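Take a look at this single chain, the form deposited in one PDB entry, given in structure tokens.
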């Protein structure tokens, strides 16, 4: 299954930096493995195939590939939020502020309100879930449109960081394909 394939790729090609950051630039965050992305998208679609999804929401840039493969299988469009000023993202903006615990800056992410309806049932897709600030921002943007959230699909979850618990506590269904329990001693340990 996709989970096993992903876990294998992490153990084979991932590099643990400073027992804290998991570098997977060979297939997710810089180089993209399209076949693996398709398997990931088919797994997300499988979990939400009976939820009435109308639209997927993600955020540039690493989330786009898994989100688009998921939208392809479910047959729904994919909207990616913008982090920086863009040429054609100008008005009708739904925005949220994303605080970085790392560099200690608040930044703004934005989605055009014309692409989210009160009748939309949204699946949020993202590559990493760590502290979860962008995920909260996308939840806010979806709620600002009057739309409902079917759930949140995450490729890699760092389960020792509070992002997941924050979303689940608020009632959101979180579907993480790889759940990392620890990165200490320079190696990846998966949950259970």
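C-alpha atoms forming the largest set that superposes within 1.5 Å between two forms make up the rigid core. Only residues modelled in both forms are compared. Numbering follows the first chain given and starts at 1.
The next section is about a form of this same protein that is not shown, the form deposited in another entry.
Summarising the superposition on the core between the shown form and the other one, the listed residues 105, 97, 119, 114 contain exactly one with a Cα shift of 2 Å or larger, 105.
Relative to the shown form, the Cα atoms of residue 103 and residue 15 move together by 3 Å or more in the other form. Look at residue 129 and residue 89: in the other form their Cα atoms move 3 Å or more farther apart than in this form.
Taking a Cα shift of 2 Å or more after superposition on the rigid core as the cut-off, the stretches of three or more consecutive residues that move between the shown form and the other one are 18-20, 84-91, 99-106.
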